[PDB]
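As the structure lists them, so they are numbered: ligands from 1, and atoms in each ligand from 1. In what follows, chains carry the letters A, B, and so on, assigned in the order in which the sequence lines appear, proteins first and then strands, with residues in each chain numbered from 1.
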Amino acid sequence: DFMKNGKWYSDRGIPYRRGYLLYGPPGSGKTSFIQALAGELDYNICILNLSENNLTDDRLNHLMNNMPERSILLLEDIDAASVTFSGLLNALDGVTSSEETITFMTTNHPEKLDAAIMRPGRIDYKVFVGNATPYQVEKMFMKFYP
Amino acid sequence: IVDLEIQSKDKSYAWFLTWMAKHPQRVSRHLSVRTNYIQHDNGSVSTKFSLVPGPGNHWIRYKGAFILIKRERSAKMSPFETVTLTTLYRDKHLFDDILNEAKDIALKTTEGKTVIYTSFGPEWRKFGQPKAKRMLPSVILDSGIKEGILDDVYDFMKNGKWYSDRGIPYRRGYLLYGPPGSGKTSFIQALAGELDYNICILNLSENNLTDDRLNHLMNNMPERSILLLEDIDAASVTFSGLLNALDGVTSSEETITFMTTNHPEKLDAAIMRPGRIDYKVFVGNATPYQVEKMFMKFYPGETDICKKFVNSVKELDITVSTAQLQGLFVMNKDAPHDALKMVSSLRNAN
Amino acid sequence: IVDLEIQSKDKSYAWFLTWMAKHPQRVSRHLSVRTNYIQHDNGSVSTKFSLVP
Ligand SMILES: Nc1ncnc2c1ncn2[C@@H]1O[C@H](COP(=O)(O)OP(=O)(O)OP(O)(O)=S)[C@@H](O)[C@H]1O
Ligand SMILES: Nc1ncnc2c1ncn2[C@@H]1O[C@H](COP(=O)(O)OP(=O)(O)OP(O)(O)=S)[C@@H](O)[C@H]1O
């Protein structure tokens, strides 16, 4: 729906940018699902590590603005947080924020994240990739033992 | 018998390069390649290229004048490093003409857009391609806030000499404090687009920033621009240096600055002085007026459905933000009934 | 038969540059460009330039 409705965002003056969050326990299939969705859309993942010390706010903004086309931004363990909190917030949703980009975030400790980062404008969709459930167990068994 | 000119690292430099590139009488003896992806809307996407001229000697027959051009880099280059352009001919009465045509090409691109400038050392530069204007009616705020701010800004811009005659610095500062996702920065964008000004975003938490660099940046801003300080409560810059820069001897003139916070309580009294922050506005959470007008914006014509939606929102008794409403309407795109059904989703936050 | 002088990074340096710039007998064989915005008060605003030597 987001990818198809391109002009609809512009006609109503919204930034054509969306962000997804997949929070859950470890080994729940989060990053695997990121890989699979990127493959399904034929997009290229642009992994980014914010805990990188040499990273700076200007470098961050340039990187998120000069991404290769047909790509998905990935921020594994966004709860880890030279980058600044305000700089990150403005980069995700702000004047310097880019356009026509999809970003995916993952955590095991969503409680650490504040309210501003979890704003709908920055994290539009949030999903709980929880532990295994009987449906998941059954379907995994069929996958491995058809 | 011949005359020449040099320029490097200047506003006209890129304008000049674009003007040379488009020109059909180019006799470029050295070429380059610029690869780019072409998007055929949602129909398809493919990759293409453009043979930008390379460094070396190039001839142009500009309306009866055989002009030679020379592009060369410094010893090295992608950190900033000087690149210069030269142009050779006897008569200069076509020189300014070429420069004006390059200006026109530059103006064409920045027609319905708002340029954004960023701080890189003691001077600014454009950040990325320009973005389309965020028209003010798209920005839904509480009653009278937008009108009051616009009236204040127009009064300030128009009354230029009045400040000087009475010995006041012709500089004004606005503050928009409120919860996240309340439309602050969106309103900044919209006002900048309405005035046709260019935002010069500045991050003070930047460690490499210094007081002298700060003063130079706020004094060498491009004209017809608005300074923006997102999250001024974040605070190598010094408190006294910032205070003097905003309102002090070294402070510039004929500038408009906008500040935003979610924690105005952190700010001290001196920074909130009227001379530095003349106007302060509370961009609070959504109110029934804002909810209604947002619904009309996203679902025009749906009046009764709006009435039921606002009644349900009131009955929910939640401190819903404007961005939450935008997200809900985006989920239920062109589906007012679905938005009414999912109205209960706003209550949850985690 | 001829005499000379040097100066660099001095109070008179910029003063000297301005004096050379205004002078009408300049035979400047090398030129530059200085772009600046001209404000016609509140009536209008436009961008112009000056070919500094
Ligand atoms: N839902 C799932 N579907 C398929 N394979 C899964 C799933 N969950 C776990 N796995 C397998 O177990 C591995 C661990 O899960 P991952 O998705 O790699 O990590 P994750 O904990 O889900 O998220 P992060 O970002 O790695 S903490 C995967 O690489 C798969 O081999
Ligand atoms: N009053 C509003 N009018 C229009 N759109 C709004 C409004 N409030 C929120 N939005 C939407 O939700 C997003 C979040 O609001 P923003 O204005 O970007 O952030 P803000 O929290 O208001 O201020 P900062 O500086 O980002 S903390 C906007 O980009 C719009 O898409």
Side-chain angles (χ1 to χ4, degrees), chain A residues 9 12-19 21-36 47 74-80 85-86 88-97 99 104-109 114-124 129-133 135-137 139-140 143-144, chain B residues 134-142 145-146 175-190 201 228-234 258-263 281 283-287 289-291 293-294 297-298 320-330:
Chain A
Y9 272 65
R12 313 195 179 188
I14 298 105
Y16 187 49
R17 141 169 50 73
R18 186 157 263 273
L21 183 73
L22 306 182
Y23 62 96
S28 68
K30 289 174 255 52
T31 175
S32 159
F33 172 79
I34 302 306
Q35 246 174 9
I47 186 61
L74 177 52
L75 311 176
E76 289 269 59
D77 285 286
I78 196 44
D79 57 356
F85 176 55
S86 59
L88 176 73
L89 282 191
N90 290 299
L92 298 175
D93 175 36
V95 172
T96 177
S97 89
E99 204 86 64
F104 275 87
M105 276 150 300
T106 71
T107 56
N108 302 111
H109 314 118
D114 78 300
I117 191 75
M118 302 267 273
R119 182 208 287 159
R122 286 184 194 103
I123 284 155
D124 315 273
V129 189
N131 288 304
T133 75
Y135 167 67
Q136 273 179 119
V137 178
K139 298 309 303 306
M140 277 254 160
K143 190 194 76 168
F144 280 107
Chain B
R134 172 66 171 288
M135 315 309 335
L136 277 156
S138 78
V139 189
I140 309 313
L141 300 170
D142 203 344
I145 302 289
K146 218 199 305 204
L175 183 73
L176 306 182
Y177 62 96
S182 68
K184 290 174 255 52
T185 175
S186 159
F187 172 79
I188 302 306
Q189 246 174 10
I201 186 61
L228 177 52
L229 311 176
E230 289 269 59
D231 285 286
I232 196 44
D233 57 356
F258 275 87
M259 276 150 300
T260 71
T261 56
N262 302 111
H263 314 118
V281 198
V283 189
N285 288 304
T287 75
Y289 167 67
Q290 273 179 119
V291 178
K293 298 309 303 306
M294 277 254 160
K297 190 194 76 168
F298 280 107
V320 63
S321 147
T322 311
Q324 288 178 287
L325 287 150
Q326 161 162 116
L328 178 136
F329 301 141
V330 167

**OP:** With side chain to side chain contact (heavy atoms under 4.5 Å, CB included) as the test, would you mind laying out the steps for B:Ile188 and B:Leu176 before giving the verdict?
**Re:** CA-CA 9 Å; B:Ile188 302 306; B:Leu176 306 182; 3.3 Å; yes
Original post:
Under a heavy-atom criterion of less than 4.0 Å, does B:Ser186 contact ligand 2?
Top reply: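 It does; at least one heavy atom falls under 4.0 Å.
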Original post:
For ligand 2, is there an atom lying under 4.0 Å from some heavy atom of B:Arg134?
Top reply: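 Heavy atoms of B:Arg134 do come under 4.0 Å of ligand 2.
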**OP:** List the steps and the verdict of salt bridge (charged side-chain N to carboxylate O under 4.0 Å, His left out) for A:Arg17 and A:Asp124.
**Re:** CA-CA 9 Å; A:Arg17 141 169 50 73; A:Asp124 315 273; over 6 Å; no
Show me which atoms of ligand 1 lie under 4.0 Å from any heavy atom of [X].
X	answer
A:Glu76	25 (O)
A:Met140	2 (C), 3 (N), 4 (C), 5 (N), 6 (C), 7 (C)
A:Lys30	17 (O), 20 (P), 21 (O), 22 (O), 23 (O), 24 (P), 27 (S)
A:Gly29	1 (N), 2 (C), 7 (C), 8 (N), 9 (C), 15 (O), 17 (O), 20 (P), 22 (O)
A:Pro26	21 (O)

**OP:** Using distance alone, decide if ligand 2 has a nitrogen or oxygen within less than 3.5 Å of any nitrogen or oxygen in A:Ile14.
**Re:**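 For ligand 2, there is no N or O atom that lies under 3.5 Å from one belonging to A:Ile14.
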Protein heavy atoms: any of them under 4.0 Å from [atom]?
atom	answer
atom 22 (O) of ligand 1	yes
atom 13 (C) of ligand 1	no
atom 29 (O) of ligand 1	no
atom 4 (C) of ligand 1	yes

Original post:
What is the nearest protein non-hydrogen atom to atom 1 (N) of ligand 2, stated with its residue, atom name and distance?
Top reply: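 Residue, atom and distance for the closest contact: B:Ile140 O, 2.5 Å.
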Original post:
For atom 19 (O) of ligand 1, what is the nearest protein heavy atom, given as residue, atom name and distance?
Top reply: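 Closest protein heavy atom to atom 19 (O) of ligand 1: A:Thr31 CG2, 3.3 Å.
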**OP:** Pick one of side chain, backbone, both or neither for how A:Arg122 approaches ligand 2, counting any non-hydrogen atom pair under 4.0 Å.
**Re:**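 The answer is the side chain of A:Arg122.
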Original post:
Where does B:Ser138 meet ligand 2, judged by heavy-atom distances below 4.0 Å: at the side chain, the backbone, both, or neither?
Top reply: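 It is the backbone that touches ligand 2; the side chain stays farther off.
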Original post:
A:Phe33 and A:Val129: side chain to side chain contact (heavy atoms under 4.5 Å, CB included), yes or no, with the steps?
Top reply: CA-CA 10 Å; A:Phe33 172 79; A:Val129 189; over 6 Å; no
Could you say whether the N/O atoms of [X] and ligand 1 ever approach to under 3.5 Å?
X	result
A:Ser28	yes
A:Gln136	no
A:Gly27	yes

**OP:** Decide side chain to side chain contact (heavy atoms under 4.5 Å, CB included) for B:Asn285 and B:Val320; before the verdict, give the C-alpha distance in whole Å, the side-chain angles of both, and the deciding distance to 0.1 Å.
**Re:** CA-CA 7 Å; B:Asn285 288 304; B:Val320 63; over 6 Å; no
Which ligand 2 atoms does [X] reach within 4.0 Å, using its non-hydrogen atoms?
X	value
B:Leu141	1 (N)
B:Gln326	11 (C), 12 (O), 30 (C), 31 (O)
B:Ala323	9 (C), 12 (O)
B:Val139	3 (N), 4 (C)

Subject >> Evaluation steps, side chain to side chain contact (heavy atoms under 4.5 Å, CB included), between B:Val291 and B:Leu325 >> reply: CA-CA 8 Å; B:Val291 178; B:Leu325 287 150; 3.8 Å; yes
**OP:** Please say whether more than 12 non-hydrogen atoms of neighbouring residues, nucleotides or ligands are located less than 6.0 Å from NZ in B:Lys297.
**Re:**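 Yes.
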Is any side-chain heavy atom of [X] closer than 4.5 Å to a side-chain heavy atom of [Y]?
X	Y	result
A:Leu21	A:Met118	yes
A:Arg18	B:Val330	yes
B:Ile140	B:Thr322	no
B:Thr185	A:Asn90	no
A:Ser86	B:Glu230	no

Subject >> For B:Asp142 against B:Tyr289, the heavy-atom pair lying closest together >> reply: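 Taking every non-hydrogen atom into account, C-CE2, 3.8 Å.
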Subject >> Partners passing ring-ring contact (aromatic ring centres under 6.0 Å, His included) against A:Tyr16 (at least two apart in sequence or in another chain) >> reply: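 If we apply the ring-ring contact (aromatic ring centres under 6.0 Å, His included) test to A:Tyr16, skipping adjacent residues, the hits are A:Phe2, A:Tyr9.
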Original post:
Roughly how far, to the nearest 0.5 Å, is the CG atom of A:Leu74 from the NZ atom of A:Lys30?
Top reply: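 Rounded to the nearest 0.5 Å, the NZ-CG separation comes to 11.5 Å.
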**OP:** Counting heavy atoms only, name the option from B:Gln324, A:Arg17, A:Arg119, A:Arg12 that's nearest to atom 26 (O) of ligand 2.
**Re:**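 Minimum heavy-atom distance to atom 26 (O) of ligand 2 goes to A:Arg119.
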